[PDB]
Amino acid sequence: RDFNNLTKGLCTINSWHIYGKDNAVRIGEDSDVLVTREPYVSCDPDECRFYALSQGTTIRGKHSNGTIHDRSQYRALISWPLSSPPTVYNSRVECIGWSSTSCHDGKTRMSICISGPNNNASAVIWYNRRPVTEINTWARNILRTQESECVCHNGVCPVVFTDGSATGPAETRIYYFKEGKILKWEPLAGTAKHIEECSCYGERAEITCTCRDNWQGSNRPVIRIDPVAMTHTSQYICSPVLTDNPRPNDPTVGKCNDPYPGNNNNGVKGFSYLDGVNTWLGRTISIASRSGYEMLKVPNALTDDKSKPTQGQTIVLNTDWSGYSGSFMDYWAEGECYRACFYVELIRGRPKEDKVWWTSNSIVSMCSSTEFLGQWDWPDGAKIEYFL
Amino acid sequence: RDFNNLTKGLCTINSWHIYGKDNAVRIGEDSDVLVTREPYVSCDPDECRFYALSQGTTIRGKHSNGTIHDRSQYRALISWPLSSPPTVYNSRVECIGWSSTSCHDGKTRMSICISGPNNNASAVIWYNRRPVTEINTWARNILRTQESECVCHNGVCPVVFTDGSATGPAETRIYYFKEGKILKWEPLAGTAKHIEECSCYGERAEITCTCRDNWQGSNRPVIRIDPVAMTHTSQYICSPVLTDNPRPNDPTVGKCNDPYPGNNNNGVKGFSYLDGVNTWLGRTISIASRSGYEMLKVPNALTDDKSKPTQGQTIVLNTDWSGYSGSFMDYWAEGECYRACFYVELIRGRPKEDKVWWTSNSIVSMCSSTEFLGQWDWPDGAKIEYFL
Amino acid sequence: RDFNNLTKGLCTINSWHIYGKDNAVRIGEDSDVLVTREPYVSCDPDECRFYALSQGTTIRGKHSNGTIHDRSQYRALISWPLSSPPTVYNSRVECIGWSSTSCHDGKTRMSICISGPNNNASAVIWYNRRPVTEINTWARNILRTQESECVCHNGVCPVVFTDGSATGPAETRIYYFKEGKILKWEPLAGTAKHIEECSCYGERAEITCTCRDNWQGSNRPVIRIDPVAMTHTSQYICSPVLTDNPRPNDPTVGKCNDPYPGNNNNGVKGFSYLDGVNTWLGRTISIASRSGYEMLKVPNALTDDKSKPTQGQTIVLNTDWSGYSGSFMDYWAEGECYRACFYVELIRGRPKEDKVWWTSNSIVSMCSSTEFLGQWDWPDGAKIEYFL
Amino acid sequence: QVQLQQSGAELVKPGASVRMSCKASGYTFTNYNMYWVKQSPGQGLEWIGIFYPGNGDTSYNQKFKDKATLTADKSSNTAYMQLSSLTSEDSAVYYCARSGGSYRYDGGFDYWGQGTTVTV
Amino acid sequence: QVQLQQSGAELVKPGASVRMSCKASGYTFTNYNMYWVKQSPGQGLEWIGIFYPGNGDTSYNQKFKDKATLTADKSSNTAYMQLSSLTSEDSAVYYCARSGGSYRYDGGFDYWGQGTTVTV
Amino acid sequence: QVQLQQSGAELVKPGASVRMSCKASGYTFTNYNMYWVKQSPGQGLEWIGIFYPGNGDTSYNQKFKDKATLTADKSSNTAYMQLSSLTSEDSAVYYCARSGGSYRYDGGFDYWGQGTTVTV
Amino acid sequence: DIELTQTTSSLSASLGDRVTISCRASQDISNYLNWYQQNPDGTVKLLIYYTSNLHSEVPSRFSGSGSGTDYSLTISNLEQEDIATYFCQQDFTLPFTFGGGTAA
Ligand SMILES: *[C@@H]1O[C@H](CO)[C@@H](O[C@@H]2O[C@H](CO)[C@@H](O[C@@H]3O[C@H](CO)[C@@H](O)[C@H](O[C@H]4O[C@H](CO)[C@@H](O)[C@H](O)[C@@H]4O[C@H]4O[C@H](CO)[C@@H](O)[C@H](O)[C@@H]4O[C@H]4O[C@H](CO)[C@@H](O)[C@H](O)[C@@H]4O)[C@@H]3O)[C@H](O)[C@H]2NC(C)=O)[C@H](O)[C@H]1NC(C)=O
Ligand SMILES: *[C@@H]1O[C@H](CO)[C@@H](O[C@@H]2O[C@H](CO)[C@@H](O[C@@H]3O[C@H](CO)[C@@H](O)[C@H](O[C@H]4O[C@H](CO)[C@@H](O)[C@H](O)[C@@H]4O[C@H]4O[C@H](CO)[C@@H](O)[C@H](O)[C@@H]4O[C@H]4O[C@H](CO)[C@@H](O)[C@H](O)[C@@H]4O)[C@@H]3O)[C@H](O)[C@H]2NC(C)=O)[C@H](O)[C@H]1NC(C)=O
Ligand SMILES: *[C@@H]1O[C@H](CO)[C@@H](O[C@@H]2O[C@H](CO)[C@@H](O[C@@H]3O[C@H](CO)[C@@H](O)[C@H](O[C@H]4O[C@H](CO)[C@@H](O)[C@H](O)[C@@H]4O[C@H]4O[C@H](CO)[C@@H](O)[C@H](O)[C@@H]4O[C@H]4O[C@H](CO)[C@@H](O)[C@H](O)[C@@H]4O)[C@@H]3O)[C@H](O)[C@H]2NC(C)=O)[C@H](O)[C@H]1NC(C)=O
Ligand SMILES: *[C@@H]1O[C@H](CO)[C@@H](O)[C@H](O)[C@H]1NC(C)=O
Ligand SMILES: *[C@@H]1O[C@H](CO)[C@@H](O)[C@H](O)[C@H]1NC(C)=O
Ligand SMILES: *[C@@H]1O[C@H](CO)[C@@H](O)[C@H](O)[C@H]1NC(C)=O
Ligand SMILES: *[C@H]1O[C@H](CO)[C@@H](O)[C@H](O)[C@H]1NC(C)=O
Ligand SMILES: *[C@H]1O[C@H](CO)[C@@H](O)[C@H](O)[C@H]1NC(C)=O
Ligand SMILES: *[C@H]1O[C@H](CO)[C@@H](O)[C@H](O)[C@H]1NC(C)=O
Ligand SMILES: [Ca+2]
Ligand SMILES: [Ca+2]
Ligand SMILES: [Ca+2]
C-alpha cells in the first residue's frame, strides 16, 4: 500500500466491547498450544493478529517446566490468527529473541527481536520478513524493547529501547527507523527517571507512550514522540489514581514530574489513552500482585494531579490472575476516528499457582464503544487442577 | 464484488441430496476437534462454510465437562471449511459470544456476536472482519439473535433479535443493517406472540423466517421481511402438521394466527421453505425430544390450515439424536433459481447420553434436487461408549 | 519473475546474528514433528524456508526407531515455513529420495531427489513442482548430491553429483541445468581428489563450493563454477586451520592442492565464505566428533597456506552436538551486497545418545552483520531424558 | 402373543427405594415406548413416564420426576422402575404399558401388565 | 458477629517448626485478606504477611519471608501459619487479623484473634 | 593438587570382564578428556580411548573397540573402564590420564593414575 | 520502610481528662493511618481507621485526626477502660508497619 499517516483522532470512549480472546490455556490442556508470555495485539492493513514470545514448548510438554524463565535461546516472537491459540501448527515465527516489538507501516511490517547473553545482547531488525539492521547492547545489561507494538507515521516508526539496571538509572533510547534503517536515535529526555515496556499508540501525527518506571515511580512515565520532527519528551501521569503494580494505596494529590514513592524496583507493563476528558487508565485491582483488571476513566488524568475516576469498567475480577497490558488500534479500519483497543495478559502457573511447573498466558483484548455497553469479566478460564 | 440481489425464485423441490457432513464427534474421539453447538451453514461468493459456537475446549479435553452450559466467556463464533470438523488448528474465530448470526452481502461479510451477563448483554457487529456497531441489551434479559445466517438484498441485511422472557412476552426487534450500520429497527409486528431463533432465506426480493415461538405455539411463527421498503409482518404456519418440539400430536385443522396449544415454554429452532405447492417443513420425528428428522412436503402449508404431507423424506431416524435445524442457500451459485438447503444439528452427550459430561454436535446439511432421489439416514455415527 | 543474476558481491562480514531456529526436537517431545536430517536453508523471491530429509516418522512415533539409517523408501525432501518445526501438518514434500538439493532460479524452483538401491540409484529432477529430467547412476554406487541448495545465474543452475566409493576415487560430475534440462555436464577437474556434499554460494557471476573430501583430505576441496562459460575447477583451502571432522590438530602451514593427511575415509559437510580478507571458515570445536561449532575469520584462508584466525564467533559449545553445516543467501533481498548466511544441523539421539533409538536434528541458521555483535550459543535445547 | 410380566408385590417403610420389573415378550422390545402408570386408590390412573429401548430416551410426568427413575435391560427384554424415598402416599398398583404406535406417542397403551402393588 | 479462633500456645526447641491455626466465623472467609502479625516483646507489632482465600494469593513482609509460610483450608474456614527452624527470637504472641476492606489492602485490621504464644 | 585414584589389581580367568575405576580430584572432572592407556610388557603404552564427562562423548583406538567400554559417574567424579572376554593378552597395567588441553585433544596427558594391573 | 514513630512511650492522666497520643510517620502516608487499642488482657481492637474514621462500636469520645506525616489519637473523656496501650499503623504501602505503641 502506501505509508500510513496517523490522521484521525481518538473516538469518544464510552465503554469497551470484547474484540478477541484466545482461551489458549484451556484449549492447551488437550492441544498443541505453545507456552508464551509478553503477548500483544497488532494489525496489518488486511488483518490484526496475536503476538507473543513462545518458549519452544507446548504447555503439556515436558519442556514446559522451567518456562518461568524469561530468556533462553528457545524463545521466538510468534504471531497467529486473531483469537486462535498459539498452536504449533499455526504460528508464524517473526524473529528470534526474548524481547520484541513490531508494527506495520502501511506498506509492510517491521519486527524487532532482541536475544543473547545479558551483557552482550543484540537487537536484530527485520523489515518485510528479511533481517535489515543490527543494534548491539550499549550499556551491556539486558537490552530490552517494548513488548508491545510500535506506531508509524509516514514510514517513520519510533521504537523505545532500554539497556541497563532495572533497579536503577539505565540508558533508554528512542530510535527512529524507516524501512528497517535508523534515521536517528536520541537519549530519553523529559522528567522520566526510568522507562521500560512502553505501550504506544498514535493519533493526530503524534505517538504517546505510557511506560513502566520500574525504579521508584508508582505512577507511570509518559513519552510523547513527534514522528515528524523526530523529537520526544517525557513526564509522569499527574493523577493520584496510581496504576503501577505493586503500587501504594491511592493518595489524594499526585505528582506530575517525579516517581510516586511507595514501592520500589518492581512494576508491570500497562497502557493508557490520554485524551483530555477522553482519558482511561488501566490497572490491576490489587496493589500487591498481578490479579484483576480495571479500566477507569480519569479525565485529564495526565495533566490533573487531582483527577479521580468518573466512570469505570471491570475487565478481570480480583480473584483472577491478569498481568501485562497494552494498547493497539487498527489504523486501517473504516471510520472517522481511531477506536482505541487493548489486551491483557492473563498468566497461569508459577509463581501464584505452584502446583504446576509452567508459566504461560492467555489473551483478552478489548476495544472502545461510543455506546455505554454492559460489562462482563473475561478470565482465562482454565482449571489448574486439570493439569496435575 | 457487488451487493447481491435476491433476484431468483426457488427451484422445484423434488427430493434432497447430501451436501455436507462433518462427522465431527467420531473424528473427535481421536482428534483435536472443538466442542460446539448451534451450528449453521453459510456461503460467500467464493465458498460456503460451517459455523457454530465453540466452547473453548476439545471433546476429549478435561474442560469439555460442563459444556452443556449455554453461555460463558469461553464461547466464540467459529467457522471452518465445509465438511471438515471444527478443529483447533483450522477454525476461524469470527467474533466472541454465546449467540450469533452472519451473512455475506455480496461484497463482504457481516458477523454478529452477542455475549455477557444475562442482564447486561451486548450485540457487537462486525463487518469485513472489523467491529463496527454496538447494540446493548434493551429488555435486560438474554439478548439473543438467529443462531442461523441472515439474508441480504442490495447491501441490506435484516436481522431479528429478541430480548426478554423465553417463557413469555419479550421484546423482539428486526434490525436493518447496511455495511455494519443500522439503517432502522422496528418492533416485531403481525400475529406472532413470541419469536426466537429465526431460520431465514431470501427469494425474489423478500426474506422469510420460520422462527420458534417458545411460549405457547407448537406451530411456528413466520416473519416476512421486505428488505427494500424495510417493513416486515408476522403470522403462524397454518398447517395442522405441527413442527415444534416438544409439540402435541398432529391435529386435523391448524391455527393460522395463534400459537398452537398443547405444550408450553419449550421448543427448538427449525426452518421451512414456504413456496406454495413448493413447500417443505422440517421436524424431529418424536414429539417428545430432539431425535429423528424428517422433511415433509405440505403444499400451501403456510396458508392452508388443513394441509397434510404429500411426500416426504427421512433425514435422521427416530433412534438417532437430531436437534436445531436451519436454512441457507448458495446465493452465488450458477443457475436459474435458488436451490434451498438446510443442516441439522446432531447433538451427542448430555442430556440424553449422561454417561459423558460433554454435549456437542455434528452437522449434516442437505440441498434440493429436482430429481426424485433415493433416501438414506445420516446419523452422527459416534459410539458413545468409545468415550468412556 | 525473471532469471536471477548474481550481480552483487559479499557484504563485509563482521559478526553473525541469528536468523532462524526451529527448536524441532524440544517441540518434538509433545508434538507431531517429523524425524529428519541433512537439512538446509533456501530462499524464493518471496520467502526463505527450511529443507531436510524426513523419515516418514514422528520422533515420538514407534517407527522413529531405526532412523539412524540413511536411506529407505521412506524418506522425502520436505520444506516448511522458516523457524517452525517440520510438522506433519505443515510440510511440503518436494520430491522422494534420500539425497537432494534445490534452488530457486528467479522464475521458479528446481528440486532434485535421488532415491533407490545403492547400485541402481536415480536422480529425478523436478522444475516448478513437475518432474522433468532423469539421471541414472553412472558408477553404480550411491549417487548422491549436495544436501544443500544450489546457485543459479541467468537460469543456469550448476549442481555437483558424485557416484562411487566414499572411501576412495569416485565419479564426480558438475551438471549444468536450465529449466529442468541438462545443458551439459563435465567431470570434476582441478586438484580435488574426492568431492562430496557441496555447500555452494554465488557472488559476482561465479559460484564457489566448499565441499567434503571424504577420502584423505582434512582441509576441504573447493570448486569454483563459472555459470556463464560453464566451466569449473577445483583446489583445496590453503589454510593450516583445518575444517573437516574428524581432522588432525591444526598444523602450522597447510597444503593447497593435496588432501591434508591425518584422518581417512570420514568427514562431514561444511561450508565457507572465501572472499579474500572477507573469509570465514566454519568447523566443529572437536576434532573427534560432531560437537560444537565455530566460525573463524581466516583472511585469504583459501590462498594463504599460513592463514590463522583473526577473529571468531562461537555458535554451538563443545558440550553440545552439532553436525552438517551449509551456506545459503537470500538472493532476492533488498541491498547492495549479498549477506552470507548458514545453518548448522544439530543432531540428537544415536550414535552419541544411545538411550533413544532415533536420530534427528534441529536447525539453527545465522547471517552476517557488518556490526560487531555480541555472541551467544544456540543449542538444540532438548533434555534427552524427557524422551525415555 | 404380547405379554408383560411385572414383578411381585412389595412391603416397605418410608425413605426406602423399591425397584420394579416389567418383562417383555411377544414383540420387539426395542421398537416400543414402555410407559409406566400409577393407579392410586384416591388419585386414579396417573402417568409417570416413558422409556424407549431403541435409544434409551425418557420423559416423566413432571409430578413423578424426582420419585421415579426409568431404565431397562435390552438383553433380558425388561423395563425397570425405581421409586425413591418411599412414603405411604406412594402405595399403589404400578402398571407397565406398551405403546399403540410403537416408537410414536399415540395409539393408546395396547398391552399392560397385571400391576405391582407397593405398600408403604 | 465475626470471630477469630486461634490455636493454643506452643513450647518447643530450636530448629523445629510450629504450625498455627486461625478459624474464621461470622463472615465469608473467602472474601477477605487474612493478615498475620507478630507482637514481640522488644520488636513490637510486626507484620508477617497476607493470605487471601479467594485465590490463594500471598505476600510476606520480606523480613519473615523464609520463616513463615501461609496456607489455608477453605473447607474449614481456617487460615494456618507455619514458622520454620524455630529459635528463641521467634518466641512471641502471633495474631491473625482480618482486612478492613475485604479483598483490598486498606481499612485497617477490623478483627483480630486472641494471639497464639510460641515459646522457644 | 590434581589426583587420579585408580582401583586395585585384578586376578581372573578368560572370558570374564573386569571393570576399573579412576577417581578424579583437584579439578573439574566435567571439563576434561579422560584417556585410558594400556601399558603391556611387550606392546608398550597403547591408547585405548577417551571419555568426556561434559557430554559423555567417547572414542576408542579402533584396536580396543570391542574389548573396552568407557563410562563415568559425574556424581562421584569417577571414570570407569570395562574390558570384556578377558584373556592373558589383556594382562597389563591400565592407566588413566587427564588431557593437557581440558576438552581439547592436545597438551599431553598432564596427570596420570598409578595404574591398575589386570592378570589373566 | 515507612517508620511510624509513636511519640510518648507512656502516659498519665486522671479519669475525665482529654488525652492526645501522637504518631508521626517517616513519609507522607496520605491519611492511611490507623489506631488499635490492645486491652491489658491482650485483646486488640480497631479504634480509628484512615485517620479520622471511627470503627464499629467505638466510643464517640475517641477522636482521630491528622495529615501528611503527623497524626493524633484523642480520647476526650478518659475512663478506666481506656487504660491500655495504643498502636498506630499505616496501610499506605506494603509492608504494613506499626507504631511503637503508647501505654496510658
Ligand atoms: C452493566 O454494565 C454497566 C457498564 O459497565 C455497569 O455500570 C457500571 O458500574 C461500574 C461498577 O459499579 C461503574 O464503575 C465504577 O465507577 C465509579 C465512578 O463513578 C468508580 O469510582 C468505581 O471505581 C472505584 O470503585 C471500584 C470498585 O467498585 C474500584 O475497583 C475502582 O478502582 C475505584 O476504586 C478505587 O480507586 C478510587 C480512586 O483513586 C479510590 O478513591 C477508591 O476508594 C478505590 O480505592 C481502593 O481500591 C483500589 C483498588 O481497587 C486501590 O488501589 C486503592 O488504594 C483503594 O484500596 C468504578 O469504576 C461504572 O460507572 C458503571 N458504568 C456506567 C456506564 O454506568 C452496570 O452495573 C452493569 N449493570 C448491572 C445492572 O449490573
Ligand atoms: C428410495 O427413496 C425414495 C425417496 O425418498 C423412497 O420413497 C419415499 O418413501 C417415503 C417413506 O415411505 C415417503 O414419505 C412418506 O410420504 C407420505 C405421503 O405420501 C407421508 O404421509 C409420510 O409421512 C407420514 O408417515 C411418516 C412415517 O412413514 C411419518 O414419520 C410422517 O411424519 C408422516 O406421518 C405423521 O404425520 C401425518 C401428518 O400430520 C399424520 O397424519 C401421520 O399419521 C403421522 O403422525 C404421527 O407421527 C408424527 C411423528 O412421526 C406425529 O407428530 C403425529 O402426531 C403422529 O404421531 C412419509 O413422509 C415418500 O413419499 C417417498 N418418496 C417418493 C419420491 O416416492 C423409497 O421408499 C426408497 N426406496 C426404497 C425402494 O426403499
Ligand atoms: C560479546 O561478543 C563478542 C563478539 O562475539 C565476544 O568477543 C569475541 O570473543 C571471542 C572469544 O573470546 C573471539 O574469538 C577468538 O578470536 C581469536 C583471534 O583473535 C581466535 O584465535 C580464537 O580462536 C581460537 O581460540 C578458540 C577458543 O577461544 C578456539 O576454539 C578457536 O578454534 C581458535 O583456536 C584453535 O585454532 C587455532 C588456529 O589454528 C590454534 O592455533 C588454537 O590454539 C586453537 O587450537 C586448538 O583448538 C582447535 C579446536 O578448538 C583444534 O582444532 C586445534 O588443533 C587445537 O586443539 C577465537 O576465535 C572474538 O575475537 C571476539 N570478537 C570480537 C568482535 O571482538 C565477547 O567476548 C563477548 N563479550 C563478553 C563481554 O563476553
Ligand atoms: C521440573 O524440573 C525440576 C528440575 O529442573 C524438578 O525438580 C521438577 O520435579 C520438574 N517437574 C516435573 C513435573 O518433573
Ligand atoms: C465434571 O465436573 C463435575 C463437577 O463440576 C464432577 O462431579 C464430574 O465427575 C466431572 N467429570 C469428570 C469426568 O471428572
Ligand atoms: C528398536 O528396534 C530394535 C529392533 O529393530 C529393538 O531391539 C529395540 O528395542 C527397538 N526399540 C524399542 C524402543 O522398542
Ligand atoms: C500522509 O503523509 C505525507 C504528508 O504529505 C504524505 O506524503 C503521505 O503519502 C501521506 N500518505 C497518506 C496515505 O495519506
Ligand atoms: C440489484 O439491486 C439494485 C436495483 O437497481 C442495483 O442497484 C444493484 O447493483 C443490483 N446488483 C446486482 C448485482 O444486480
Ligand atoms: C542478467 O543476466 C543477463 C545479462 O544480459 C540478462 O539477459 C538477464 O535478464 C539479467 N536479468 C536480470 C534480472 O538482471
Ligand atoms: Ca514502580
Ligand atoms: Ca412451543
Ligand atoms: Ca577427511
# chains A, B, ... in the order shown; residues from 1 in each chain; ligands from 1
call {"tool": "residues_near_ligand", "arguments": {"ligand": "ligand 3", "cutoff": "8 Å", "atoms": "only C-alpha atoms and all ligand atoms", "output": "ChimeraX atom specification"}}
result
/A:119-120 /C:14-15,240-243,247-252,284-287,294-297,308-314,372-376 /F:101,104-106
call {"tool": "residues_near_ligand", "arguments": {"ligand": "ligand 8", "cutoff": "7 Å", "atoms": "only C-alpha atoms and all ligand atoms", "output": "mmCIF file with C-alpha atoms, in the first residue's frame"}}
result
data_model
loop_
_atom_site.group_PDB
_atom_site.id
_atom_site.type_symbol
_atom_site.label_atom_id
_atom_site.label_comp_id
_atom_site.auth_asym_id
_atom_site.auth_seq_id
_atom_site.Cartn_x
_atom_site.Cartn_y
_atom_site.Cartn_z
ATOM 1 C CA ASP B 2 -21.188 -6.054 -5.823
ATOM 2 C CA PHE B 3 -24.111 -6.108 -3.348
ATOM 3 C CA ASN B 4 -26.190 -9.245 -4.080
ATOM 4 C CA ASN B 5 -29.811 -9.139 -5.015
ATOM 5 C CA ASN B 154 -28.790 -4.788 -2.120
#
call {"tool": "select_by_dssp", "arguments": {"residues": "region 191-370 of chain C", "states": "strand (DSSP E)", "output": "PyMOL selection string"}}
result
chain C and resi 199-203+206-210+221-226+231-236+272-273+280-283+291-297+311-321+325-328+341-349+359-369
call {"tool": "residues_around", "arguments": {"residues": "region 57-65 of chain F", "least_positions_apart": "5", "cutoff": "10 Å", "atoms": "only C-alpha atoms", "output": "ChimeraX atom specification"}}
result
/C:288-291,319,321,351-353 /F:33-38,46-52,70-71,83
call {"tool": "write_last_selection", "arguments": {"atoms": "C-alpha atoms", "output": "mmCIF file, in the first residue's frame"}}
result
data_model
loop_
_atom_site.group_PDB
_atom_site.id
_atom_site.type_symbol
_atom_site.label_atom_id
_atom_site.label_comp_id
_atom_site.auth_asym_id
_atom_site.auth_seq_id
_atom_site.Cartn_x
_atom_site.Cartn_y
_atom_site.Cartn_z
ATOM 1 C CA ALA C 288 36.849 -36.116 17.192
ATOM 2 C CA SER C 289 33.103 -35.954 16.686
ATOM 3 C CA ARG C 290 30.335 -33.635 15.556
ATOM 4 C CA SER C 291 30.074 -31.431 18.598
ATOM 5 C CA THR C 319 29.411 -29.712 25.039
ATOM 6 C CA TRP C 321 26.051 -31.810 19.469
ATOM 7 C CA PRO C 351 25.021 -42.536 17.969
ATOM 8 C CA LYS C 352 26.160 -40.176 20.743
ATOM 9 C CA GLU C 353 22.953 -40.507 22.764
ATOM 10 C CA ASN F 33 39.090 -35.607 28.438
ATOM 11 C CA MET F 34 39.743 -38.769 30.441
ATOM 12 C CA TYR F 35 42.025 -41.047 28.423
ATOM 13 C CA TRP F 36 42.839 -44.692 29.149
ATOM 14 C CA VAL F 37 46.178 -46.296 28.282
ATOM 15 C CA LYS F 38 47.333 -49.902 28.340
ATOM 16 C CA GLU F 46 48.879 -48.238 23.775
ATOM 17 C CA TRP F 47 45.984 -45.792 23.855
ATOM 18 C CA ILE F 48 42.511 -47.309 24.271
ATOM 19 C CA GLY F 49 40.102 -44.409 24.196
ATOM 20 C CA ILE F 50 38.662 -41.165 25.503
ATOM 21 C CA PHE F 51 35.607 -40.388 27.598
ATOM 22 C CA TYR F 52 34.491 -36.794 28.166
ATOM 23 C CA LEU F 70 34.190 -46.340 28.790
ATOM 24 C CA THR F 71 31.592 -44.801 31.124
ATOM 25 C CA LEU F 83 37.245 -54.965 29.442
#
call {"tool": "closest_residue", "arguments": {"among": "C:97, C:227, C:106, C:187", "to": "residue 163 (chain C)", "atoms": "only C-alpha atoms"}}
result
C:187
call {"tool": "decode", "arguments": {"residues": "region 23-37 of chain G", "atoms": "N, CA, C and O atoms", "output": "CSV table (one decimal), in the first residue's frame"}}
result
chain,number,residue,atom,x,y,z
G,23,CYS,N,1.4,10.1,66.5
G,23,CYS,CA,2.1,9.1,65.7
G,23,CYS,C,2.6,9.8,64.4
G,23,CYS,O,1.8,10.1,63.6
G,24,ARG,N,3.9,10.0,64.3
G,24,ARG,CA,4.4,10.7,63.2
G,24,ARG,C,5.1,9.7,62.3
G,24,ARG,O,6.1,9.1,62.8
G,25,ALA,N,4.7,9.6,61.1
G,25,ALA,CA,5.3,8.7,60.1
G,25,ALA,C,6.5,9.3,59.5
G,25,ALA,O,6.7,10.5,59.5
G,26,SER,N,7.3,8.4,58.9
G,26,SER,CA,8.5,8.8,58.2
G,26,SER,C,8.3,9.5,56.8
G,26,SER,O,9.1,10.3,56.4
G,27,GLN,N,7.2,9.1,56.2
G,27,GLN,CA,6.8,9.6,54.9
G,27,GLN,C,5.4,9.9,54.8
G,27,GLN,O,4.6,9.3,55.5
G,28,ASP,N,5.0,10.9,54.0
G,28,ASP,CA,3.6,11.3,53.8
G,28,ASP,C,2.8,10.0,53.5
G,28,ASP,O,2.7,9.6,52.4
G,29,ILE,N,2.2,9.4,54.5
G,29,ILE,CA,1.4,8.2,54.4
G,29,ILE,C,0.0,8.4,53.9
G,29,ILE,O,-0.9,7.5,53.8
G,30,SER,N,-0.4,9.7,53.6
G,30,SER,CA,-1.6,10.1,53.0
G,30,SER,C,-2.9,9.7,53.7
G,30,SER,O,-3.8,9.1,53.0
G,31,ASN,N,-3.1,10.0,55.0
G,31,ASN,CA,-4.3,9.7,55.7
G,31,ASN,C,-4.6,8.2,55.9
G,31,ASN,O,-5.6,7.9,56.5
G,32,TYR,N,-3.7,7.4,55.4
G,32,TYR,CA,-3.9,5.9,55.6
G,32,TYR,C,-3.2,5.5,56.9
G,32,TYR,O,-2.3,4.6,57.0
G,33,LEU,N,-3.7,6.1,58.0
G,33,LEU,CA,-3.2,5.8,59.3
G,33,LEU,C,-4.3,5.1,60.2
G,33,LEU,O,-5.4,5.5,60.0
G,34,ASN,N,-3.9,4.2,61.0
G,34,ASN,CA,-4.9,3.5,61.9
G,34,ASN,C,-4.5,3.5,63.3
G,34,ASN,O,-3.4,3.8,63.7
G,35,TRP,N,-5.5,3.2,64.2
G,35,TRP,CA,-5.3,3.2,65.6
G,35,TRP,C,-5.9,1.9,66.2
G,35,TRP,O,-7.1,1.6,66.0
G,36,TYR,N,-5.1,1.2,67.0
G,36,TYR,CA,-5.6,0.0,67.7
G,36,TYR,C,-5.4,0.1,69.2
G,36,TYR,O,-4.4,0.7,69.7
G,37,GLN,N,-6.4,-0.4,69.9
G,37,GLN,CA,-6.4,-0.5,71.4
G,37,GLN,C,-6.2,-1.9,71.8
G,37,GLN,O,-7.0,-2.8,71.5
